[PDB]
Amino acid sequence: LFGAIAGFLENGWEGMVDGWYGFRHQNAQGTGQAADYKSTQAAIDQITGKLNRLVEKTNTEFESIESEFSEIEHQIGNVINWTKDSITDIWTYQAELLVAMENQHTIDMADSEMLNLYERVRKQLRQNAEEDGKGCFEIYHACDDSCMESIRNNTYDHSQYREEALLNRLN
């Protein structure tokens, strides 16, 4: 587990219906919300990868060894029952483990994609922002709607605002 989803991120945003992960900003001219497309497609792609494997099964042809409509000899009947039930016990167990295993992974994978988005923004903001521990970054310079966007774009150049930001941080 990676610590963000069901972690230092308090809860999810029901209002973000545009992606799995995204940004909420607050600046001079209001607040905004926008989904991050790369990170959500990373996660969705990995899910569909699992679903492909789930259906990518392909089949041996089995024939009948049990009469549906007539008595089978008692001893061979018992052997066939023991065998069939033993096979089924194995599959029931394989299905249970598969799903328990795959779900654990899927949850932690999604938590990981969140944490990687968070970490990219952090490194991007460099010395111009500080972590609030609940998922936000407090930015120590005027950050216009087109600034915010540069953060989501990956345009944001920290050295352009570094002087201002360090000034306010140290005071």
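So that there is no doubt, residue numbering starts at 1 and follows the sequence shown.
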{"property": "123-131 versus 22-30 - which carries the larger mean C-alpha B factor in the record", "result": "22-30"}
{"property": "Of 56-64 and 102-110, the stretch whose C-alpha atoms average the higher B-factor in the entry", "result": "56-64"}
{"property": "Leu51 by Cα B-factor - lowest, middle or highest third of the modelled chain", "result": "middle"}
{"property": "Where the record places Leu115 (Cα B-factor, split into thirds across the chain)", "result": "lowest"}
{"property": "Chain-relative CA temperature factor third for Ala6", "result": "lowest"}
{"property": "Where the record places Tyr37 (Cα B-factor, split into thirds across the chain)", "result": "highest"}
